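Beneath this line is the structure, given in structure tokens, with notes to follow.
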Amino acid sequence: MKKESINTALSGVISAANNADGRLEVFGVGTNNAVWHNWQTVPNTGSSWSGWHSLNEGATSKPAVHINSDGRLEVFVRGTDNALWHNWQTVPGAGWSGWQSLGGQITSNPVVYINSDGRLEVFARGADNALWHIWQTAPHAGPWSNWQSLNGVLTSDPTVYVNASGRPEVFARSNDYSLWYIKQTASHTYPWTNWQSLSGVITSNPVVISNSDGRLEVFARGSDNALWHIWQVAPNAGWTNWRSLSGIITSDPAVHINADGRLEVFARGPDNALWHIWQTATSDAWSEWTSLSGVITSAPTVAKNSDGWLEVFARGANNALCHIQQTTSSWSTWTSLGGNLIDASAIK
Ligand code: NA
């Protein structure tokens with residue numbers, strides 16, 4: 001992006017969260033363009049699922065869900081008016097409010113962050129291709145703020161994570177195909193930094209996560225269709241250069257931190273199987289690319305159950321939601337959670 005703007009692959013087809021009681025719940029767009037959801041029924045290891053239930057209305061983005069600091073799930077999606085809409089549990093685990101508009105005009109999928117004080121905050125690309133944000137004005141409560149611009153020129157969904165100083169950093173691809181980012185500070189006069197380049201040539205949505213020690217790390221597909229990554233050399237310090245983890249990935253990458261405190265990345269491979277690769281140590285050590293097989297037609301979505309094990313979801317050949325999970329001793333078989341999912345991604 002130019003100076004004027006610096007002053008402040010297949011996507012996944014679901015968003016997942018844990019309920020206050022640990023139960024996983026997934027949100028996706030069905031063939032009728034409505035948001036549907038499906039949850040674990042019991043706050044218990046080895047739970048069955050509910051089956052798909054409709055939240056009605058009309059979705060034009062991938063949905064995003066985040067738990068409030070009072071335990072209530074809240075889901076966000078772009079509506080047919082290209083405004084941001086939301087719907088929340090009125091008590092932890094049940095009783096959806098129904099959809100209400102937060103307005104704006106957004107041109108990416110919305111991503112959700114929770115501030116250290118418990119205020120939800122949503123980041124999305126605007127009609128002017130700048131990053132915009134909107135927030136709860138009180139912990140787990142409306143009203144929401146007006147939309148505010150953070151400038152920039154975005155060509156991807158933004159990706160956000162809390163840094164070692166408890167504040168958000170937001171990363172996005174720009175119109176030079178490089179990764180740029182902004183970081184929130186304590187400063188009154190400059191609460192957000194100006195957009196800063198981390199270079200690279202990126203051909204997927206990027207995804208940021210924290211290592212167990214607070215070092216932020218970003219994953220993205222490169223121009224060679226390999227998985228690339230870049231990380232902080234110490235908590236809240238400067239970044240490495242871009243380093244290749246090789247492979248050929250045919251979706252956005254997904255990442256989580258496993259029970260060993262190691263980052264583990266999932267992506268679709270060129271055989272349409274699910275592949276994963278993980279840190280084997282702190283310093284400069286990853287596993288080989290490893291196949292979990294299956295046949296998938298979306299990026300994977302990774303979540304973590306209340307026993308601390310990773311669960312992975314992806315669209316199957318029949319548009320059902322495929323499912324595979326880490327157990328105490330191995331990876332499970334592939335099972336289907338059914339449904340009929342579309343890719344309503346706003347950034348495609
Ligand atoms: Na809907």
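Counting from 1, the numbers follow the sequence of the chain as shown. The analysis underlying the following values was restricted to heavy atoms, covering all of them including side chains, and did not include hydrogens, waters or symmetry mates.
The two residues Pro63 and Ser15 have their closest heavy-atom pair at O-CB, 3.3 Å. Between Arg125 and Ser108, the shortest heavy-atom contact is N-OG, 2.9 Å. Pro206 approaches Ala172 most closely through the heavy-atom pair CG-CA, 4.4 Å. Across every non-hydrogen atom of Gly222 and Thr203, the tightest pair is O-OG1, 2.9 Å. Nearest heavy-atom pair across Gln326 and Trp309 is O-CB, 3.3 Å. Shown here for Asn56 and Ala34, the closest heavy-atom pair between the two residues is O-CB, 3.7 Å.
Using modelled atom types, one side-chain atom of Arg173 and one backbone atom of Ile202 make a donor-acceptor pair closer than 3.5 Å. Within the 3.5 Å criterion, the main-chain N or O of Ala130 finds a donor-acceptor partner in the side chain of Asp128. Panel note: side chain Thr107, backbone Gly126; a donor-acceptor pair is recorded below 3.5 Å. For the pair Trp289 (side chain) and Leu245 (backbone), a donor-acceptor distance under 3.5 Å is present. Side-chain atoms of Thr280 come within 3.5 Å of backbone N or O of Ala285 as a donor-acceptor pair. Side chain of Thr155 to backbone of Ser174: a donor-acceptor contact under 3.5 angstrom is found. Distance alone, capped at 3.5 Å, places no donor-acceptor pair between the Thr159 side chain and the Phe171 backbone. Counting only distance, with no hydrogens or angles, the side chain of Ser204 and the backbone of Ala9 share no donor-acceptor pair below 3.5 Å. In terms of modelled atom types and a separation under 3.5 Å, the side chain of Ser178 and the main chain of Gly200 share a donor-acceptor contact. Side-chain N or O atoms of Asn305 include one that pairs as donor or acceptor with a backbone N or O of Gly308 at under 3.5 Å.
Judged by distance alone, the side chains of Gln89 and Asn19 do bring a donor and an acceptor atom under 3.5 Å apart. Side-chain contact check for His133 and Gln148: at least one donor-acceptor pair (N or O, by modelled atom type) lies under 3.5 Å. Side-chain N/O atoms of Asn225 and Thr250 include no donor and acceptor closer than 3.5 Å. One side chain, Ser48 or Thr41, offers a donor N or O that lies under 3.5 Å from an acceptor on the other. A donor-acceptor contact closer than 3.5 angstrom links the side chains of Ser11 and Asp252. Side-chain atoms of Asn163 and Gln232 form no donor-acceptor pair, as typed in the model, at a separation below 3.5 Å. Residues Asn38 and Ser50 have side chains that bring a donor and an acceptor to within less than 3.5 angstrom of each other.
The shortest distance between side-chain heavy atoms of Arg167 and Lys183 does not fall below 4.5 Å. Here the side chains of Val233 and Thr240 are in contact, with some heavy-atom distance below 4.5 Å. Within the 4.5 Å cutoff, the side chain of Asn319 has no heavy atoms near those of the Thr31 side chain. Looking at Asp260 and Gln279, their side chains never come closer than 4.5 Å, going by heavy atoms from C-beta outward. Taking the side chain as every heavy atom from C-beta outward, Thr333 and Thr335 approach each other to under 4.5 Å. Taking 4.5 Å as the limit, some side-chain heavy atom of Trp99 sits within range of a side-chain heavy atom of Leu55. Proximity of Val162 to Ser210: side-chain heavy atoms (C-beta onward) are nowhere separated by under 4.5 Å. A 4.5 Å side-chain heavy-atom check between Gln105 and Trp147 finds every atom pair outside the cut-off.
For the side-chain contact (heavy atoms from CB on, under 4.5 Å) with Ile324, the lone residue among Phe313, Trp331, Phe266 that qualifies is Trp331. The ring-ring contact (aromatic ring centres under 6.0 Å, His included) with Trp144 is formed by just one residue from the set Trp135, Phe76, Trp88; it is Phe76.
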Could you walk me through whether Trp52 and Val26 pass side-chain contact (heavy atoms from CB on, under 4.5 Å), step by step? CA-CA 9 Å; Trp52 291 99; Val26 298; 3.7 Å; yes
If you apply the rule side-chain hydrogen bond (donor to acceptor under 3.5 Å, both in side chains), what do you find for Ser97 with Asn87, and how did you get there? CA-CA 6 Å; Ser97 62; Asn87 196 341; 3.0 Å; yes
I would like to know whether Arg268 and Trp275 meet side-chain contact (heavy atoms from CB on, under 4.5 Å); could you show each step before the answer? CA-CA 6 Å; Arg268 191 170 76 155; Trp275 293 74; over 6 Å; no
Can you check side-chain contact (heavy atoms from CB on, under 4.5 Å) on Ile347 and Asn205, steps first, answer last? CA-CA 9 Å; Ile347 195 70; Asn205 290 307; 3.9 Å; yes
For side-chain contact (heavy atoms from CB on, under 4.5 Å), just list the numbers for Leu150 and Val170, CA-CA rounded to whole Å, side-chain angles, deciding distance to a tenth of an Å, and then say yes or no. CA-CA 10 Å; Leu150 290 168; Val170 182; 5.9 Å; no
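Rounded to the nearest 0.5 Å, atoms CD (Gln325) and CG (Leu292) are 12.0 Å apart. With values rounded to the nearest 0.5 angstrom, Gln136 atom CD is found 8.5 Å from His86 atom NE2. Here the CG atom belonging to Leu10 is positioned 9.0 Å from the CG atom belonging to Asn272, to the nearest 0.5 angstrom. Here the CG atom belonging to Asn194 is positioned 9.0 Å from the CG atom belonging to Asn151, to the nearest 0.5 angstrom. Atom CD1 in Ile6 sits 8.5 Å away from atom CE in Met1 (nearest 0.5 Å). The structure places CZ of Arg119 at 12.0 Å from CG of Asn68, a figure rounded to the nearest 0.5 Å.
Using bins of under 30°, 30° to 60° and over 60° for the plane-to-plane angle, the ring pair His37/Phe27 lands in the parallel bin.
Under the 4.5 Å side-chain heavy-atom criterion for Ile, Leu, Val, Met, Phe, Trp and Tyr, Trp195 and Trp242 are members of the same hydrophobic cluster. Residues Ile209 and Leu179 are members of one and the same hydrophobic cluster, defined by side-chain heavy-atom contacts under 4.5 angstrom among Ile, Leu, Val, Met, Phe, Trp and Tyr. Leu120 and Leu84 fall within the same hydrophobic cluster, defined by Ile, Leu, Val, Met, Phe, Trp and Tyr side-chain heavy atoms under 4.5 Å apart, directly or through other members. Hydrophobic clustering keeps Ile249 apart from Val201 (ILVMFWY residues linked when any side-chain heavy atoms are closer than 4.5 Å, directly or through intermediates). The cluster map of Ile, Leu, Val, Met, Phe, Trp and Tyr, joined by side-chain heavy atoms under 4.5 Å apart, puts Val160 and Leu198 in the same cluster.
Within 6.0 Å of the CG atom in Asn241, the count of heavy atoms belonging to other residues, nucleotides or ligands exceeds 12.
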